[PDB]
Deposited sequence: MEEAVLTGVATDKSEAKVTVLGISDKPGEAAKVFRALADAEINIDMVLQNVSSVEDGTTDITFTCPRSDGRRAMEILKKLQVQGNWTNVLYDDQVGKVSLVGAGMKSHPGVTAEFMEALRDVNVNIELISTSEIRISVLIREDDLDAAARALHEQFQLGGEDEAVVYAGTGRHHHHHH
């Protein structure tokens, strides 16, 4: 019944790449990911939100090891010019911080307090993604310490019940 938090994880070893302006039609994500998979880019997370109400296109962001970042840009910039994408952006100064746990679905206060914790130390949340075991956000790598510390304080974190 309860949500249980088992840890706060930080990762400063990734880069994120964003492909902007993809038509929201079948097969467009396949074009991006077949190119990357053929180049052996080790993808950590992919995030694509719903397509825009003003343009109908959407953006796709993914993280990968920083050592894979320049190659992924090379592959994608080639694709960029052949098709109708707006642009491809690179960022190798991103940090990932995650609250790890279980049973968070029925406790929305866990999500609210994760955002409040980072707001209270002025850490801007650049990207959010979640799974069955984690709330993960991408922020400036220089804010990883303030962020992880704020989360440990917010949830009074070895494993803890959300209260």
Counting from residue 1 of the deposited sequence, where are the gaps with no C-alpha coordinates? 1, 159-162, 169-178
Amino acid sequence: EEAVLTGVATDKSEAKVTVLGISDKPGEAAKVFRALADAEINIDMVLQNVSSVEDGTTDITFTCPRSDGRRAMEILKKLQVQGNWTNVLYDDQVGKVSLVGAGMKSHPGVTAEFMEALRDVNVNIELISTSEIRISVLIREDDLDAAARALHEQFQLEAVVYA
From here on, numbers count along this sequence of modelled residues.
Higher-scoring stretch by recorded Cα B factor average, 98-106 or 41-49: 98-106
Taking the recorded C-alpha temperature factors, which stretch has the higher mean, 110-118 or 56-64? 56-64
Assert third(CA B-factor, residue 72) within chain per record equals lowest
Chain-relative CA temperature factor third for residue 9: middle
Which third of the chain holds residue 150 when residues are ordered by C-alpha B factor: lowest, middle or highest? middle
Taking the values exactly as deposited, rank residue 132 by C-alpha B-factor within its chain and report the matching third: lowest, middle or highest. highest
